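Order of writing sets the labels: A, B, C, D and E. Residues in every chain begin at 1.
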Amino acid sequence: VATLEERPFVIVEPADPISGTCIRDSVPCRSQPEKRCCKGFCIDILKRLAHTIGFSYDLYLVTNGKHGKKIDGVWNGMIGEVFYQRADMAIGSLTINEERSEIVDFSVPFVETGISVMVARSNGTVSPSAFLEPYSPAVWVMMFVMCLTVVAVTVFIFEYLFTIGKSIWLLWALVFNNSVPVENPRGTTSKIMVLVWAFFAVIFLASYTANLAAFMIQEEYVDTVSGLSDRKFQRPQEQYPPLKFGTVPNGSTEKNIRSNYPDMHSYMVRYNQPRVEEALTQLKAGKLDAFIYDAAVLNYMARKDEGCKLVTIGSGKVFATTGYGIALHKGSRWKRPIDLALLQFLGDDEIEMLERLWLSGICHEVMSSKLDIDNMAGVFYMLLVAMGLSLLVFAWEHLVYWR
Amino acid sequence: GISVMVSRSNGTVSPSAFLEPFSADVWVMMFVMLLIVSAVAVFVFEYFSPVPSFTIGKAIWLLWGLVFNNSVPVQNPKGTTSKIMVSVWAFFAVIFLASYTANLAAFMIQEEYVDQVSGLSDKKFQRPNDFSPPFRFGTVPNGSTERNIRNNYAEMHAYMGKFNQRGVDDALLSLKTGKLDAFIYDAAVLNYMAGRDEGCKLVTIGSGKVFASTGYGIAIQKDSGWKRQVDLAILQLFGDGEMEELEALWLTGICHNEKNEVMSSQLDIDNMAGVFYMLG
Amino acid sequence: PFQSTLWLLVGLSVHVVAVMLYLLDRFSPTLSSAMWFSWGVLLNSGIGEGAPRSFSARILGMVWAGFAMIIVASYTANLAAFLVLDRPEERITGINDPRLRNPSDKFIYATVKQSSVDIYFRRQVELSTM
Amino acid sequence: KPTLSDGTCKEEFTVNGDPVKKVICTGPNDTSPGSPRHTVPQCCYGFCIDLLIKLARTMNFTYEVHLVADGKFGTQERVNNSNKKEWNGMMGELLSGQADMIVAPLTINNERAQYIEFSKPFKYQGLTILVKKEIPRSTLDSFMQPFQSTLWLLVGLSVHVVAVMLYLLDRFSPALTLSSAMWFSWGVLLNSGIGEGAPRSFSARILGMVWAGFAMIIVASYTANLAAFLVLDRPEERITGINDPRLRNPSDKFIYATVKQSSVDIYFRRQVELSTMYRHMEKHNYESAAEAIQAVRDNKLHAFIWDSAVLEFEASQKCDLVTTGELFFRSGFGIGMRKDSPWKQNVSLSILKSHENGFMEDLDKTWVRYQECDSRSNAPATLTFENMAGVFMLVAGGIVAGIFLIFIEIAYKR
Amino acid sequence: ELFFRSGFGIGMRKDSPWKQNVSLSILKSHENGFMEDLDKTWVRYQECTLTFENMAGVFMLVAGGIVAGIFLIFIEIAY
């Protein structure tokens, strides 16, 4: 069998020279020589298959290429060797494709994988409508109708032993706390009338501040950008600040892009990185803005992180999902005993158990932020229409007075 | 061991919660800064400026009202320069009240309560005939958790004669109603019963506290030859972690009684008692 | 947050001091005037023009304002405390939940006959209890 | 503790006035590796030596204490010639014949029980992890935190914008002074009791309607946001039991150790699945449980795995540290004795009788459960004078501003 | 949480000759983005406080205070 090193799936470590042999709970990886242990999620699968079926194997790291690529006639890497009868299987993180499956037949996928985007987590944000968002339209629909009814009662009863405008300035102003000088009646019944409306004001003030605080303490994070269908990824030259993004060449996530968005592909060439771990320092340093790589690795690399400041777009949105697999020899006749063996593990919970051992981590959250002008800019628009409303009243009264 | 169960309906309220925010120091220096501004106001800003009289009594009262929201009619000092000075003090009061409520919300979001008893050494169990309608407790006879009490606390074993339930299932039914207020039973069945009750309505004193800790066993016949073989088998299970699997399979509940996160409360007459004492 | 027992005393505690203030200030070198003075503080309404000319009522009025302020501030905290700490937990959290592996004979859970959940459950021996 | 002159133990009393009971320990001095060992008398006291005196009276024997030779607990290791393996330390001296009763905290497990005989446990414990407690920190020095500084300048600017427009709008309507209208807007924002000028024309009255409601939204949001910095400010960096993923796959930024040649090493090798992280322990295992605790306080070690009955006494007196995790290997202590000993039955009955009488619940009271530092009851943030300074200086430092205003107001008069 | 993950699949007889082209016309639909159209048209298009309720207690006393006020007015007029 052939095997390459992907950090969370197949880990290569040098053999301990003290005993001249590999460690406990590992298998030899004779490079093409040397000899060293190698363990991981994909290798742990291999032993189980050799148990309930029974065969002899000898791993060896492939050196010709990386994961497979066509050079107009020849293939190199794990796919390159298997297709040319220099091996039998090729276990590892080998994404199922169409160009590959025409020449070597895979097995049943056992891990889900697609293409996703990883970006740096930023400061938390609240909705601009927070001034009135946590309140139902029914609250203010019936709020003012009570005010109009009461102001009519006090003026009409004032005759029995106070202008209409004086009632507006007095009764209303109690709801927003007493801070403006007002004129008040001096009738034995009118004084009681104001007291009833005052009590509701304190409850309204008490209720308002509690809900705004409670709603803002816990909430949902605001997304930054949608999937690859966004115009920025599709048409990067049409925006004044040019977005910076790129991917690792020589793989499935490169050939998929080339055959679907050739306009974008000709722009991403200058933005390339030759590794995964190397390219995740660029995001921390702000050199890049987004990364495009197969989902099962980014989902793991977004958890095995210090500070948990990296998240994926869509909280795990996966595009063009194609799982992993085990290559074969296009006629292997070993295929059926392997197809019928993988599906048996999912009948039990043996595969689920492994995912907790290796493909797991911490910080699978909310952040407090200063309000700033932008978040509360919505309530300012309420002020703007009020100033405009004064002009409408000013023009109406001026014209009717003339004639 | 031996454990105690309680109804948790009462728990413990938190009195004197009004002085929980701030400190005893900020209030003391609040009064001196309340008067230094007023003293300069009458003697400097108003007297040395043009435009009956603004007595010192109005200055202390006017500057007081803004601290606890202006609701009493008052007369403001004259003079253009005296207007700004009061406005500066007003901005102190706006923040002063705003932070107080914000801090008060922190304490009542993470409130911690205290159990109504401390254990079997508390006086409520030792000498009950000295209080309000007497404390109630009882236990199932004919075991160990009643033989142990019949030797050490023989004074209070007589008081438990009338209260004697007929099993754990029947007693947990009458514990909620109010027939009895405490239950005394071995601390491995109470923990499971506490952890398997809907609504987390019952909690165990000490949140996992045992009082005379003796384990379980397999009572082999005396002078047997199996004793050395069985012991090595049981001591083996702990090493492999097998016992940690059986404890998770069978002895696991849904209610997380360890957490003391009280889901709010309705304050009653007794809860807000310190405030009324200030009124007195 | 406050039971009806509290509101029973609120309506009298404010009223009882009103006559006392009228008693202290009058007999020192009316009832209607003092009634608007004390109640307006609780509701924060600038009603009436009555003022404590006597010094005894002023110092009593000073501490009286603090009694009203604590009530408003504390009550706001209680209402804000309920929303955050309110969760009548009824979720099952998927599989391995003890309410699911050990039925209570009242928490009845079902599926569709034949299908692929039945094939999954029968094969595992540990699932023979549910 | 080292002996006083004349070889006697220093006189002492407890908090309640009871005279503590002390014996004489004849043990090694300066047991540093690579150094000669010299035997000098010392003074010994504590939990077990308080228990040992109780047994020595009931069963009527006579004792003679002496500390261990090297200072280890006990394990089996291979000899150079073939594999005639033997025990070492305090566990090995019982079999050799130089000691007859191992009065010490000695866990009971299957490896040791095959050679010596244990008693009924006199304390129930577990294994838990001790990690350094980071500073809770605090962010309250200036009140400009809830809003960004870009808004307070704008809000103050907006006050002058609205206030000036009352005079223009009301006067042109077919009056109130502009300076009088200046204090109208300021009065609303500060909730003050100054200012008397109010709009009269309905064109200006509708203008003042919304501005009153604007002051309520801004202040209520500010006092609502200050609640966020009192319930959200909390980090989360702690280990969750043994199954925490950070422990299965070690990284150079995380190091964790135990005590060499103890029960935990036997635990970590009998299991086979956890054979990839213990190999990182073999280069860092410390020499004494009273030293690895000191190393953690110096940030040279991140985690420590030891008995839960000791790590929860240090976590109270040395409240710089806090213990995290769930107990994962529970086995009580035991007064081990050599197999087939005459006393092997009455000791196991003078321990079962010390549980019921309230005795071992009384030694627990006077040695292990006295409180010195509270725990981390969430993040209680009480307000003190040190926190609030900007408000206090503004009122204190703003009184001198009024001095300048007087000198210019009178100047305009003349 | 999901606890048994196994995708869907077309069925076929054990010896059908189409298995080499049915299993490819699905491996090519995933990459063209075709099944991200079907996921949009047929599945992911439908997405379903204090309010008027919880406050009707104070609403009635506002009218109740009006009703209580009116009756006392006749006493004021008669006095």
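Please note the rule applied: a contact is a pair of C-beta atoms (placed from the backbone, for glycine too) under 8 Å apart; a residue touches a chain by one contact, two chains touch by 3 or more.
**Student:** Work out the mean Cα position per chain and let me know which chain is farthest from chain E.
**Tutor:** Relative to chain E, the chain with the farthest C-alpha centre is D.
**Student:** So the centre of each chain is just the mean of its C-alpha atoms; given that, what is the distance between chain B and chain C in Å?
**Tutor:** 17
**Student:** Round to the nearest whole Å and give the separation of the Cα centres of chain A and chain E.
**Tutor:** 21
**Student:** Compute the distance, rounded to whole Å, between the mean C-alpha positions of chain C and chain E.
**Tutor:** About 32 Å separates the centre of chain C from that of chain E.
**Student:** For chain A and chain C, let me know how many angstrom lie between their CA-based centres, rounded off.
**Tutor:** That gives a centre separation of 38 Å.
**Student:** Going by the touch rule set out above, which residues of chain C reach two or more other chains?
**Tutor:** 43-46, 48, 76, 80, 84, 120
**Student:** Indicate the residues of chain B shared as contacts by at least two other chains.
**Tutor:** Residues 65, 69-71, 74, 97, 100-101, 105, 109 of chain B touch two or more partner chains.
**Student:** Can you tell me which residues of chain A touch two or more of the remaining chains?
**Tutor:** 177-179, 199, 207, 209-211, 213, 217
**Student:** Judged by the touch rule stated earlier, which pairs of chains are there in contact?
**Tutor:** Taking the chains two at a time, the touching pairs are A-B, A-C, A-D, A-E, B-C, B-D, C-E.
**Student:** Using the touch definition from the top, list the residues of chain D that touch chain A in their complex.
**Tutor:** The contact residues of chain D facing chain A are 145-148, 150-151, 154, 158, 165, 169, 172-174, 184, 187-188, 191-192, 195-196, 198, 202-217, 220-221, 223-225, 227-229, 231-233, 244-246, 248, 253, 272, 275-276, 279.
**Student:** Could you please specify the touching residues of chain E with respect to chain A in the complex?
**Tutor:** 3-7, 23-24, 27-28, 30-33, 36, 49-52, 58-59, 61-62, 65-66, 69, 72-73, 76-77
**Student:** In their shared complex, at which residues does chain A touch chain D?
**Tutor:** Going by the criterion above, the answer is residues 23-25, 130-131, 165, 168-169, 172-173, 176-177, 179-181, 205, 208-210, 212-213, 216-217, 306, 357, 360-362, 366-368, 370-373, 376, 379, 382-383, 386-387, 389-390, 393-394, 397-398, 401.
**Student:** Using the touch definition up top, name the residues of chain B that touch chain A in the complex.
**Tutor:** Per the touch definition, chain B meets chain A at residues 69-71, 101, 105.
**Student:** Please name which positions on chain A make contact with chain C in the complex.
**Tutor:** Residues of chain A touching chain C: 174, 177-178, 182, 184, 191, 194-195, 198-199, 201-202, 206-207, 209-211, 213-214, 217-218, 347-348.
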